[PDB]
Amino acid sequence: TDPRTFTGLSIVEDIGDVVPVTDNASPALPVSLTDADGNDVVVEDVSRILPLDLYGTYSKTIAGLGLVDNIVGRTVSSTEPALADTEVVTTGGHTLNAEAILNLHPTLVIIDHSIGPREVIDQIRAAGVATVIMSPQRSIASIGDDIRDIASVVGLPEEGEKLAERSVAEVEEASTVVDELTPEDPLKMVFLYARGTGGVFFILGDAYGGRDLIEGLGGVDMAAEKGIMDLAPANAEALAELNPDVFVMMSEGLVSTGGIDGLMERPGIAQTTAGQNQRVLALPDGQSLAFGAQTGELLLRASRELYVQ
């Protein structure tokens, strides 16, 4: 069949919790490291972990290594079922809340600068909480290395190597399937971030890693073609210029702008090829740009939705 003739929403259901590589993780502590910001940090107690980022990666990796029970708080992005009853430490979306963090008495914060403010991260460290700044590569090729880096922080190198190899095998296997399913002329795609019916409506660019996702799905990322490094408002002119065949979105994001019907009311959407086919691939918010352990499964399920009727 011809995937350019497909119409309407395709939605991938939540992939769920990461399958841990072990049932008896025993962190080898203490660890000393120099983090991505150049801070020397000693990690001596991982009993109460806050694994915080924009993308939902770290919480999933920590669970994959065998430490899900050690997670005591989360951001809005870590939507995995195991953490559904865990205290949320961000507000207004992605803003760190120092009070919420400190009241959980964490023993380890794993974080990066995808969320802020930086001042809150500094406050937590000054209060005595071991805080480790990561700077993950966030590419499909580097899924294993990003996992090994997290594993080192919590003193689980063997679990890290197992989880890395398992995840990389899964994502290469999925790629084999994607390559068989892709059309000769790749679909043009963009990653459209929406939250609400107002101005939070953006084409995501290089910094957010969606090119890696779109190319992993066999598509061409029009944001990369147009040189969008951070993000761009998805206004009528930008949409007309990018003219994707498919909008890749987050499922709850799409709901928040009124579903397909609400999306079609936004200026410029209906005029694109994707708009004229109402063609949206909706991915679970907390996995969509998390990469990490579940990347292979995400690519497999999403490619089935894109290319199989």
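Heads up: residue numbers just count along the shown sequence, starting at 1.
Remark: stretch with higher mean C-alpha B factor among 250 to 258 and 23 to 31 is 23 to 31.
For the pair 68 to 76 and 179 to 187, the mean Cα B-factor is higher in 179 to 187. Highest C-alpha temperature factor among 146, 221, 85, 112, as the PDB entry reports it: 85. Per the deposited coordinates, the residue with the largest Cα temperature factor out of 197, 152, 107, 167 is 197. Residue 49 sits in the lowest third of its chain by CA B factor, as recorded in the PDB entry. When the modelled residues of the chain are ordered by their C-alpha B factor, residue 42 lands in the lowest third.
For residue 11, the recorded CA temperature factor ranks within the middle third of the chain's modelled residues.
In this PDB entry, residue 275 carries a Cα temperature factor that places it within the middle third of its chain's modelled residues. In the deposited entry, the Cα temperature factor of residue 281 sits in the bottom third of values across the chain's modelled residues.
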